[PDB]
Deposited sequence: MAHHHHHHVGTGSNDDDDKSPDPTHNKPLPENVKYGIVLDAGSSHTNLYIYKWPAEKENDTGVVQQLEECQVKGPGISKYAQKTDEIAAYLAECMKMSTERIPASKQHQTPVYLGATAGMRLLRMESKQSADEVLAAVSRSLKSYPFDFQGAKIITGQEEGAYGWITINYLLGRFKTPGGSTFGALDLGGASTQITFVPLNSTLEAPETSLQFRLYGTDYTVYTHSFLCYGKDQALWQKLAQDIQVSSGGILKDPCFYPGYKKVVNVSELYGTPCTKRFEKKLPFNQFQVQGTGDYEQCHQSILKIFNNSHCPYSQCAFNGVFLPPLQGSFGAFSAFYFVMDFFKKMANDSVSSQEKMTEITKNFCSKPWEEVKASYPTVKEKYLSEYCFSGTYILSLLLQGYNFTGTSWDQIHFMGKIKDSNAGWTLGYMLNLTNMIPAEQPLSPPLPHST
């Protein structure tokens, strides 16, 4: 009859549980996997539990109950549950392999305690995360019966780019991934840039820019005029991503003061990217190989959530740069009063995140001019989230 599968996406911002369902896989047809329900776990990402793994159980309980409430009891024992953690957990592992392991063991312990078929709790690789997102979107776009779309994924901690290039090379064979799907072997370029998700990029920029001299203030063009937020230096330096900028600071804490200038914001962003070393034909940034761009792209996760916000304010690069520039210069009190339904944690970041997305796509990946139009921003296709989890489910269902 119907079959179910649960995938937890343990990302750096939040954990999300996904329930998938599909016709039981008979010989007299084939049918599709689709997203049935999603739950967002209340709280931060799992890495924030490193020193309190005894609370992991409780942390996951509400969304796990949704799943036992939602999936019929007679279908539960045979339903797989998997948790994949991403860049937040890769950073925690860099800090301390043991913390990461103690986090993941408490997750297994919790998940194993449910009536579902535990399939594992792992930190997935950057290449897997990228490939699986490319699988999700091409599957949902029906492309697996011709050319495929590239996949751009942006999160809090990392960003991925995955596409089939014109020419397959040994330029950086650790950037290639070959796999078979519906009788076709595929060879994709895929890379995850750790620390270049939107939140880690902001920590890098702040660490880069903070002055010993400042008396505990950082004027910052990436936030609205009148915006103020106090930053703990210990938190700022509590990520591997800012290690290269660490300095002794004569203060424990500092206030960010918005100055709302898109152009200065752009310039300040460009500074956490290195373009000076490329041991290949051409590169993205930080000496990482990138093949020439090819085909159309789906951009999702924070690419979508941030772009769609700016689009709803109006779709060329020139038009999007204008909307962003104007929005950046709007005072923070005006911004909150104009978007009063939006969580201030997201609203406070849109200037920064929009300018960052534009820098990443245009300077990082070279989607300039002609190429800008080859990017399609997407959240759901056929009602399933674009993301890695559906492709993970497809492959874990031996599809």
item: Sequence ranges absent from the coordinates, based on the deposited chain and numbered from 1; value: 1 to 31, 177 to 179, 349 to 352, 438 to 452
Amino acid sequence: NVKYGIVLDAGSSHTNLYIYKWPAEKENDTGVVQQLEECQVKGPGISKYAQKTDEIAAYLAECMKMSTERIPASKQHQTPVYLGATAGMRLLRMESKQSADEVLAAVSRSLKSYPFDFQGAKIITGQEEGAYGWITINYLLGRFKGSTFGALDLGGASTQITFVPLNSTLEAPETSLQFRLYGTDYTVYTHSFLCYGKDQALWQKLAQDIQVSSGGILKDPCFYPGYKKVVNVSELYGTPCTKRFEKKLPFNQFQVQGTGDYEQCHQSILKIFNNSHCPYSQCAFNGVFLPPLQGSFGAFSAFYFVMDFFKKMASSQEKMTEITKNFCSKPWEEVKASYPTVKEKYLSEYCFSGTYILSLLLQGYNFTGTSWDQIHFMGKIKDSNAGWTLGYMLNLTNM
From here on, numbers count along this sequence of modelled residues.
{"property": "Stretch with the higher entry mean CA B-factor, where the candidates are 213 to 221 and 157 to 165", "result": "213 to 221"}
{"property": "Average Cα temperature factor in the PDB entry - higher stretch of 108 to 116, 202 to 210", "result": "108 to 116"}
{"property": "Highest-ranked of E246, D308, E129, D261 once sorted by CA temperature factor in the record", "result": "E246"}
{"property": "Highest recorded Cα temperature factor - choice among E334, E349, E55, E37", "result": "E55"}
{"property": "CA B-factor placement of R143, once the chain's modelled residues are sorted into thirds", "result": "highest"}
{"property": "Chain thirds of CA B-factor: placement of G31", "result": "highest"}
{"property": "CA B-factor placement of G226, once the chain's modelled residues are sorted into thirds", "result": "lowest"}
{"property": "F367 - which third its CA temperature factor falls in, relative to the rest of the chain", "result": "middle"}
{"property": "Third of the chain's Cα B-factor distribution that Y182 belongs to, per the entry", "result": "highest"}
